[PDB]
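In the block that follows, a single chain appears as structure tokens, in the form deposited in one PDB entry.
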């Protein structure tokens, strides 16, 4: 209609084969529906209906290009990325046919309880699959730029995960200087300051997600870009002086003496000058309930893995291979 979204009807047949029976969620970047393919023995499929407007039309065609490249590079489907079956058009809207996947990780956490999180064994298996998805993204020279529980889907048995939504995705050479890239809570410090970014932004997002997967709550629930840096510095201390100078938007958060400018509400803004930020955030205490040694040792290994991921400088950040060979996964 006026906004761009398609008015989906239950019982409607798309591309003379896809009989729509139910809705998945429908918010969203591009509305998704559940359908049965009558041309393929009524087998279940997920249809993503891309918005009619030119803003999302270019986004949909870009997503179609990225999904094709990632699927062709992974024929055996071992690098945990969403599989695109085919594409078609319906009433001016681009429609993408995908795997019949159950739900996203944000929906799984809601069913687990308020600040409960998943089991350490599931978090371990999910980590490896998330790192395997990062390996394929790096090989294809693609940045996801939106890794979060909402964009990670699971099968009915919840044993296999698949990374979805390649709408905000981009190529390495096609890098843009923007501090609003990646969903705020999963945004890497290099994006905020305006430093040259690469695959490390996807690694940072996985780290934020893995903490949320076990704790059931957001790691850095920052209201603004400035508050995001403060919460990140509450764990690993003050950002290195060499990193600050390399950033384009350094003046918005730091001064000439390389000191952080913390913005606080009340209602007018109050700037607090900080020469040094002492690490106050206890990542171990936040992770732990206190249960048996078999689980206790695994939680401590996740803490060490998170410390290696949550490094402010992307050059001093853990690699994909090291993350896969880490003690937390190898058990």
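Between two forms, the rigid core is defined as the largest C-alpha subset superposing within 1.5 Å. Residue numbers count along the first chain shown, from 1.
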item	value
Higher-deviation segment by CA RMS in 4 other deposited structures of this protein, core fitted, 126-134 or 94-102	94-102
Other PDB entries, at least a third, lacking residue 290	yes
Third-or-more of other entries without residue 265	yes
Interval residue 266-residue 267, deposited residues with no coordinates in the entry (none, 1 to 3, 4 to 9, 10 or more)	1 to 3
Absent coordinates between residue 64 and residue 65 - deposited residues affected, binned into four classes	none
Given 297-305 and 276-284, the range whose Cα B-factors average higher in the PDB entry	276-284
Greater mean Cα temperature factor according to the PDB record, 186-194 or 235-243	235-243
Out of 98, 260, 88, 131, residue topping the C-alpha B-factor column of the entry	260
Options 255, 150, 156, 115 - largest CA temperature factor per the record	255
CA B-factor ranking of residue 14, expressed as a third of its chain	middle
Chain-relative CA temperature factor third for residue 216	lowest
For residue 72, the third of its chain into which the C-alpha B factor falls	middle
Residue 290 by Cα B-factor - lowest, middle or highest third of the modelled chain	highest
Residue 200 by Cα B-factor - lowest, middle or highest third of the modelled chain	lowest
